[PDB]
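In what follows, a structure is listed as structure tokens, so that the remarks can point back to it.
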Amino acid sequence: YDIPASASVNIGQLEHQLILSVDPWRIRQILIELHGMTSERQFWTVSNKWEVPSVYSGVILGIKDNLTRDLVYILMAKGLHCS
Amino acid sequence: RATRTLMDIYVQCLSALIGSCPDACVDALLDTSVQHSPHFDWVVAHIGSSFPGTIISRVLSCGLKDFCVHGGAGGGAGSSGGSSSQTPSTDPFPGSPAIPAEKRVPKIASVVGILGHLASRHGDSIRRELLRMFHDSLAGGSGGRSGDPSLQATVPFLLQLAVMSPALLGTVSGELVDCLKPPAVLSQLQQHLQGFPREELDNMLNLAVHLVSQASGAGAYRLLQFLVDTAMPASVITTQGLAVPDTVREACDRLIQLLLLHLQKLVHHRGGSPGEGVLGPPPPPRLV
């Protein structure tokens with residue numbers, strides 16, 4: 001249900017919708033909302049099924065801004081999974 | 001009791017020397033003292049000797065013969081009724097909990113002794129939950145370790161506390177919180193009868209007693225879901241079916257109980273979604 005008047009269940013529903021989201025616009029919106037409502041914590045490690053090869057893993061994490069690296073990591077993982 | 005203190009000090013020194021150095025200098029005197037105590041039939045003297053031996057000669061080093069002698073003396077003392085003797089020994093062992101009190105109190109391995117130890121641990125846990133002191137965490141951890149070490153029969157001991165946690169209305173919330181903490185700290189040693197107990201009467205009693213608490217006490221739904229997630233190794237299907245029948249089919253005995261069960265189910269689903277598929281990526285997955 002929407003508007004749970006809480007924080008933990010709200011973040012859980014938001015990350016569940018993010019996992020179930022395919023359109024990159026909705027993904028970006030959910031990720032920026034999570035980054036705005038929470039602390040400077042990473043949101044890319046919310047699914048163990050997103051296996052990114054280690055050849056690009058060392059460079060995908062070398063970004064100062066957390067929002068951009070999280071977005072690019074989620075996009076690359078979802079694109080590889082769809083391929 | 002003029003020369004008794006010197007004899008007790010000499011016996012304690014001999015026991016400490018036998019525990020440190022494996023010698024035969026305290027094998028005959030200890031046996032003679034145990035025989036005299038058994039022939040005199042004095043539980044208070046045996047309890048005092050055990051307290052004096054466990055006060056300072058229990059955290060030095062591991063004992064082999066002195067520990068066996070102390071266990072034999074404790075068994076000879078507990079052979080009789082010894083109501084007040086055991087009631088005082090429980091408090092004496094709970095006060096001197098540093099640091100080998102668990103290995104010295106639960107070493108009797110007797111039925112009545114284990115029952116008294118479990119009752120004392122439950123009373124201490126209830127007092128710690130009602131007082132919420134600073135050192136309450138150490139006492140709760142010690143009680144949980146003592147309950148986990150004595151895994152002979154804990155179903156009746158848990159049922160006796162679950163039946164009392166629903167009779168009153170004031171201390172019922174504290175008793176339920178202490179029981180939940182003990183179940184979470186003991187890996188849920190008793191979970192098969194967790195759903196068959198509060199069928200119609202105990203469930204309504206707990207729902208009516210929880211209304212007298214505050215928001216900080218009622219916010220334990222997250223802890224309850226975290227405890228239920230890492231539990232139910234062989235009775236998960238029955239508990240899940242009972243929860244789904246009492247939450248969705250509106251088969252609850254009360255009116256507000258269905259909302260609480262729905263919130264608990266939602267919290268459990270959120271915890272399962274955030275812990276099973278949202279834990280991490282580098283380390284291996286968890287075991288639920």
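Letters for chains follow the order of the structure tokens (A, B, ...), residue numbers begin at 1 for each chain, and ligand numbers begin at 1 in the order shown.
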Q: Could you pull out the residues in chain A that DSSP calls helix (DSSP H, G or I) from the backbone, as a VMD selection string?
A: chain A and resid 8 to 19 24 to 37 54 to 60 66 to 82
**Q.** All residues 10 Å or closer to region 37-53 of chain A, only C-alpha atoms, same chain fewer than 3 positions away omitted, as a ChimeraX atom specification
**A.** /A:7,11,15-16,18-19,31-34,56-58,60,65-67,69-74,76-78,80-81 /B:273-285
File dump, residues just selected, N, CA and C atoms, as a short mmCIF file (atom, residue, chain, number, x, y, z; two decimals), in the first residue's frame:
```cif
data_model
loop_
_atom_site.label_atom_id
_atom_site.label_comp_id
_atom_site.auth_asym_id
_atom_site.auth_seq_id
_atom_site.Cartn_x
_atom_site.Cartn_y
_atom_site.Cartn_z
N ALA A 7 9.18 4.72 7.48
CA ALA A 7 10.41 4.87 6.72
C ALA A 7 10.97 3.54 6.24
N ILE A 11 11.01 2.54 2.31
CA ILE A 11 12.25 2.29 1.57
C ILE A 11 12.24 0.89 0.98
N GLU A 15 12.65 0.21 -3.00
CA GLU A 15 13.69 -0.61 -3.61
C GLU A 15 13.10 -1.83 -4.31
N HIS A 16 11.97 -2.34 -3.83
CA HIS A 16 11.30 -3.42 -4.55
C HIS A 16 10.80 -2.95 -5.91
N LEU A 18 12.08 -0.48 -7.55
CA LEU A 18 13.29 -0.25 -8.34
C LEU A 18 13.79 -1.55 -8.96
N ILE A 19 13.79 -2.63 -8.18
CA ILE A 19 14.19 -3.93 -8.71
C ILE A 19 13.23 -4.37 -9.82
N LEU A 31 16.10 6.22 -7.87
CA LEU A 31 17.44 6.31 -7.30
C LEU A 31 17.71 7.71 -6.75
N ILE A 32 17.29 8.75 -7.47
CA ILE A 32 17.52 10.10 -6.96
C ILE A 32 16.63 10.37 -5.74
N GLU A 33 15.43 9.79 -5.71
CA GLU A 33 14.58 9.95 -4.52
C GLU A 33 15.20 9.25 -3.32
N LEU A 34 15.76 8.06 -3.52
CA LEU A 34 16.43 7.35 -2.43
C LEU A 34 17.66 8.12 -1.95
N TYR A 56 35.26 -4.65 -15.81
CA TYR A 56 34.73 -3.30 -15.72
C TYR A 56 34.34 -2.91 -14.31
N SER A 57 34.49 -3.81 -13.34
CA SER A 57 34.09 -3.50 -11.97
C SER A 57 35.06 -2.53 -11.30
N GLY A 58 36.35 -2.62 -11.63
CA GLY A 58 37.32 -1.73 -11.03
C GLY A 58 37.17 -0.29 -11.48
N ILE A 60 34.06 0.94 -12.78
CA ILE A 60 32.70 1.38 -12.49
C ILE A 60 32.56 1.93 -11.08
N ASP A 65 31.12 11.08 -7.33
CA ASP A 65 29.71 11.21 -7.01
C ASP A 65 29.06 9.83 -6.92
N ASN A 66 28.28 9.62 -5.86
CA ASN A 66 27.63 8.33 -5.65
C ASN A 66 26.42 8.14 -6.56
N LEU A 67 25.70 9.22 -6.85
CA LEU A 67 24.50 9.11 -7.68
C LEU A 67 24.84 8.64 -9.09
N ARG A 69 27.59 7.06 -10.24
CA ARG A 69 28.12 5.70 -10.28
C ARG A 69 27.02 4.68 -10.01
N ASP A 70 26.11 4.98 -9.08
CA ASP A 70 25.00 4.07 -8.83
C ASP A 70 24.12 3.93 -10.06
N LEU A 71 23.80 5.05 -10.71
CA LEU A 71 22.97 5.02 -11.91
C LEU A 71 23.63 4.21 -13.01
N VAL A 72 24.92 4.46 -13.27
CA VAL A 72 25.59 3.77 -14.36
C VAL A 72 25.75 2.29 -14.05
N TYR A 73 25.96 1.94 -12.78
CA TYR A 73 26.08 0.53 -12.41
C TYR A 73 24.76 -0.19 -12.59
N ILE A 74 23.66 0.41 -12.13
CA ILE A 74 22.35 -0.21 -12.29
C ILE A 74 22.01 -0.36 -13.77
N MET A 76 24.09 -0.56 -16.39
CA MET A 76 24.91 -1.58 -17.03
C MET A 76 24.47 -2.98 -16.62
N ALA A 77 24.17 -3.17 -15.33
CA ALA A 77 23.74 -4.49 -14.86
C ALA A 77 22.43 -4.90 -15.52
N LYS A 78 21.46 -3.99 -15.57
CA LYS A 78 20.17 -4.32 -16.17
C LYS A 78 20.30 -4.55 -17.67
N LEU A 80 23.01 -5.73 -19.24
CA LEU A 80 23.63 -7.04 -19.42
C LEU A 80 22.64 -8.16 -19.14
N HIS A 81 21.82 -8.01 -18.10
CA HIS A 81 20.83 -9.03 -17.80
C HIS A 81 19.80 -9.16 -18.91
N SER B 273 12.44 -9.42 1.88
CA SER B 273 12.85 -8.82 0.61
C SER B 273 14.16 -8.06 0.75
N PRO B 274 14.41 -7.46 1.92
CA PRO B 274 15.62 -6.68 2.13
C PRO B 274 16.80 -7.51 2.60
N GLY B 275 16.57 -8.73 3.09
CA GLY B 275 17.64 -9.56 3.63
C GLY B 275 18.04 -10.70 2.70
N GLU B 276 17.09 -11.29 1.98
CA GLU B 276 17.40 -12.42 1.11
C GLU B 276 17.91 -11.99 -0.26
N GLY B 277 17.26 -11.01 -0.88
CA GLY B 277 17.62 -10.55 -2.22
C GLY B 277 18.26 -9.17 -2.22
N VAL B 278 18.51 -8.59 -1.05
CA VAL B 278 19.10 -7.25 -0.97
C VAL B 278 20.16 -7.16 0.12
N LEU B 279 20.88 -8.26 0.37
CA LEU B 279 21.89 -8.25 1.42
C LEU B 279 23.19 -7.61 0.94
N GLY B 280 23.82 -8.22 -0.06
CA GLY B 280 25.08 -7.74 -0.62
C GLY B 280 25.32 -8.48 -1.93
N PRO B 281 26.49 -8.27 -2.52
CA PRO B 281 26.84 -8.91 -3.78
C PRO B 281 28.16 -9.66 -3.73
N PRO B 282 29.15 -9.14 -3.00
CA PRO B 282 30.46 -9.78 -2.93
C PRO B 282 30.47 -11.00 -2.01
N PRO B 283 30.01 -10.91 -0.75
CA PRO B 283 30.06 -12.08 0.12
C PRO B 283 29.04 -13.12 -0.30
N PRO B 284 29.19 -14.37 0.13
CA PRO B 284 28.22 -15.41 -0.22
C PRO B 284 26.86 -15.11 0.39
N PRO B 285 25.79 -15.67 -0.16
CA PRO B 285 24.45 -15.39 0.37
C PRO B 285 24.28 -15.92 1.79
#
```
Q.
Restricting the calculation to only C-alpha atoms: of A:3, A:63, A:14, A:22, which residue gets closest to chain B?
A.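 Smallest separation from chain B among the options: A:14.
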Q | Close residues, region 166-174 of chain B itself excluded, 10 Å, only C-alpha atoms, min 5 positions apart in chain, as number ranges by chain | A | B: 125-131, 161, 179-180, 198, 201-214, 217-218
Selection above as a file: N, CA, C and O atoms, as a short mmCIF file (atom, residue, chain, number, x, y, z; two decimals), in the first residue's frame:
```
data_model
loop_
_atom_site.label_atom_id
_atom_site.label_comp_id
_atom_site.auth_asym_id
_atom_site.auth_seq_id
_atom_site.Cartn_x
_atom_site.Cartn_y
_atom_site.Cartn_z
N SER B 125 15.97 -12.46 34.19
CA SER B 125 15.65 -11.83 32.91
C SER B 125 14.43 -10.92 33.04
O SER B 125 14.41 -9.82 32.48
N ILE B 126 13.41 -11.37 33.78
CA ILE B 126 12.23 -10.53 33.99
C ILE B 126 12.59 -9.27 34.77
O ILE B 126 12.12 -8.17 34.44
N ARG B 127 13.42 -9.41 35.81
CA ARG B 127 13.83 -8.24 36.58
C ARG B 127 14.65 -7.27 35.74
O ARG B 127 14.50 -6.05 35.86
N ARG B 128 15.52 -7.80 34.87
CA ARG B 128 16.32 -6.93 34.01
C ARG B 128 15.45 -6.22 32.98
O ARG B 128 15.68 -5.05 32.66
N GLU B 129 14.44 -6.92 32.44
CA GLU B 129 13.55 -6.29 31.48
C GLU B 129 12.66 -5.25 32.14
O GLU B 129 12.31 -4.24 31.51
N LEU B 130 12.28 -5.46 33.41
CA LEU B 130 11.44 -4.50 34.10
C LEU B 130 12.23 -3.30 34.62
O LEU B 130 11.68 -2.20 34.72
N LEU B 131 13.51 -3.49 34.93
CA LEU B 131 14.33 -2.40 35.45
C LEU B 131 15.11 -1.68 34.36
O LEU B 131 15.29 -0.47 34.43
N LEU B 161 6.40 -19.73 31.19
CA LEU B 161 6.56 -18.28 31.10
C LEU B 161 5.55 -17.67 30.13
O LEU B 161 5.06 -16.56 30.36
N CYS B 179 10.63 -12.56 26.97
CA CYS B 179 10.54 -13.84 26.28
C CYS B 179 11.01 -13.73 24.84
O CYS B 179 11.71 -14.61 24.33
N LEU B 180 10.63 -12.64 24.15
CA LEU B 180 11.08 -12.44 22.78
C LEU B 180 12.59 -12.26 22.72
O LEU B 180 13.25 -12.80 21.82
N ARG B 198 -1.17 -19.56 21.48
CA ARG B 198 -2.10 -18.44 21.40
C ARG B 198 -3.09 -18.68 20.26
O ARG B 198 -3.08 -18.03 19.21
N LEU B 201 -7.51 -17.89 23.23
CA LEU B 201 -7.54 -17.20 24.51
C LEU B 201 -6.26 -16.41 24.78
O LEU B 201 -6.32 -15.22 25.12
N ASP B 202 -5.10 -17.06 24.63
CA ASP B 202 -3.84 -16.37 24.89
C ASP B 202 -3.61 -15.25 23.89
O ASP B 202 -3.05 -14.20 24.24
N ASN B 203 -4.04 -15.44 22.64
CA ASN B 203 -3.89 -14.38 21.64
C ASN B 203 -4.71 -13.16 22.01
O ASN B 203 -4.23 -12.02 21.94
N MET B 204 -5.96 -13.37 22.43
CA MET B 204 -6.80 -12.25 22.85
C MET B 204 -6.25 -11.59 24.11
O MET B 204 -6.30 -10.36 24.24
N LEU B 205 -5.71 -12.38 25.03
CA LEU B 205 -5.12 -11.82 26.24
C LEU B 205 -3.92 -10.95 25.91
O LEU B 205 -3.76 -9.85 26.47
N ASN B 206 -3.06 -11.41 25.00
CA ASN B 206 -1.90 -10.62 24.60
C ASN B 206 -2.31 -9.37 23.82
O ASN B 206 -1.67 -8.33 23.95
N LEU B 207 -3.37 -9.46 23.01
CA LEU B 207 -3.84 -8.29 22.29
C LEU B 207 -4.46 -7.26 23.22
O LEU B 207 -4.35 -6.05 22.98
N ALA B 208 -5.12 -7.71 24.30
CA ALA B 208 -5.70 -6.78 25.25
C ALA B 208 -4.67 -6.20 26.20
O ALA B 208 -4.82 -5.07 26.67
N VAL B 209 -3.60 -6.96 26.50
CA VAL B 209 -2.56 -6.46 27.39
C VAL B 209 -1.60 -5.52 26.67
O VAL B 209 -0.99 -4.65 27.32
N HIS B 210 -1.45 -5.66 25.36
CA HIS B 210 -0.55 -4.80 24.61
C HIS B 210 -1.07 -3.37 24.48
O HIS B 210 -0.28 -2.46 24.22
N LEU B 211 -2.37 -3.16 24.66
CA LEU B 211 -2.94 -1.82 24.56
C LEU B 211 -2.50 -0.92 25.71
O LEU B 211 -2.52 0.31 25.56
N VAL B 212 -2.10 -1.49 26.84
CA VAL B 212 -1.65 -0.71 27.99
C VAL B 212 -0.21 -0.22 27.84
O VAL B 212 0.26 0.52 28.72
N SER B 213 0.49 -0.61 26.78
CA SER B 213 1.86 -0.19 26.57
C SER B 213 1.89 1.11 25.77
O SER B 213 0.86 1.73 25.51
N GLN B 214 3.08 1.54 25.37
CA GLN B 214 3.28 2.77 24.61
C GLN B 214 3.71 2.43 23.19
O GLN B 214 3.78 1.27 22.79
N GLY B 217 7.04 0.50 23.02
CA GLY B 217 6.91 -0.93 23.30
C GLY B 217 6.20 -1.66 22.17
O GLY B 217 6.54 -2.80 21.85
N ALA B 218 5.21 -1.01 21.55
CA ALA B 218 4.49 -1.61 20.44
C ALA B 218 5.28 -1.62 19.14
O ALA B 218 4.89 -2.31 18.20
#
```
Q. With only C-alpha atoms as the atoms that count, which of B:216, B:20, B:257, B:35 lies nearest to residue 65 (chain B)?
A. B:20
Q.
Please determine, counting only C-alpha atoms, which residue among B:137, B:84, B:146, B:191 has the shortest atom-to-atom distance to residue 103 (chain B).
A. B:146
Q) Nearest to residue 157 (chain B): which of B:189, B:177, B:115, B:133 is it, counting only C-alpha atoms? A)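 When distances to residue 157 (chain B) are compared using only C-alpha atoms, the smallest one comes from B:115.
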Q. In Å to one decimal, how far is CA of residue 46 (chain B) from CA of residue 30 (chain B)?
A.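 If I compute the distance from CA of residue 30 (chain B) to CA of residue 46 (chain B), I get 12.4 Å.
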Q) Near residue 239 (chain B), counting only C-alpha atoms, which residues have an atom at most 10 Å away, once you skip same-chain residues fewer than 5 positions from it, shown as a PyMOL selection string? A) chain B and resi 191-196+228+232+244-245
Mind dumping the selected residues with N, CA and C atoms as a PDB file, in the first residue's frame?
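The result, written out as part-v3.pdb:
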```
ATOM      1  N   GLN B 191      10.133 -23.267  19.113  1.00  0.00           N
ATOM      2  CA  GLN B 191       9.322 -22.576  18.122  1.00  0.00           C
ATOM      3  C   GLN B 191       8.175 -23.409  17.569  1.00  0.00           C
ATOM      4  N   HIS B 192       8.102 -24.703  17.884  1.00  0.00           N
ATOM      5  CA  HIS B 192       7.019 -25.529  17.359  1.00  0.00           C
ATOM      6  C   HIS B 192       5.688 -25.178  18.012  1.00  0.00           C
ATOM      7  N   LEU B 193       5.701 -24.872  19.309  1.00  0.00           N
ATOM      8  CA  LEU B 193       4.498 -24.514  20.046  1.00  0.00           C
ATOM      9  C   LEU B 193       4.292 -23.006  20.128  1.00  0.00           C
ATOM     10  N   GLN B 194       4.944 -22.240  19.253  1.00  0.00           N
ATOM     11  CA  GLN B 194       4.806 -20.789  19.270  1.00  0.00           C
ATOM     12  C   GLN B 194       3.480 -20.315  18.693  1.00  0.00           C
ATOM     13  N   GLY B 195       2.857 -21.102  17.818  1.00  0.00           N
ATOM     14  CA  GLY B 195       1.588 -20.726  17.207  1.00  0.00           C
ATOM     15  C   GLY B 195       0.398 -21.481  17.778  1.00  0.00           C
ATOM     16  N   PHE B 196       0.599 -22.713  18.249  1.00  0.00           N
ATOM     17  CA  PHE B 196      -0.496 -23.494  18.808  1.00  0.00           C
ATOM     18  C   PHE B 196      -0.900 -23.032  20.201  1.00  0.00           C
ATOM     19  N   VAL B 228      11.419 -14.049  13.854  1.00  0.00           N
ATOM     20  CA  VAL B 228      10.687 -15.081  13.131  1.00  0.00           C
ATOM     21  C   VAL B 228      11.336 -15.431  11.798  1.00  0.00           C
ATOM     22  N   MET B 232      11.987 -21.176  12.802  1.00  0.00           N
ATOM     23  CA  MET B 232      11.042 -22.091  12.161  1.00  0.00           C
ATOM     24  C   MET B 232      11.748 -22.977  11.131  1.00  0.00           C
ATOM     25  N   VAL B 244      -1.530 -16.554   7.868  1.00  0.00           N
ATOM     26  CA  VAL B 244      -2.324 -16.143   6.716  1.00  0.00           C
ATOM     27  C   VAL B 244      -3.814 -16.348   6.952  1.00  0.00           C
ATOM     28  N   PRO B 245      -4.187 -17.377   7.718  1.00  0.00           N
ATOM     29  CA  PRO B 245      -5.595 -17.611   8.008  1.00  0.00           C
ATOM     30  C   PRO B 245      -6.139 -16.628   9.036  1.00  0.00           C
TER      31      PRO B 245
END
```
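Closest approach to chain A among B:263, B:25, B:248, B:14: B:263, based on only C-alpha atoms.
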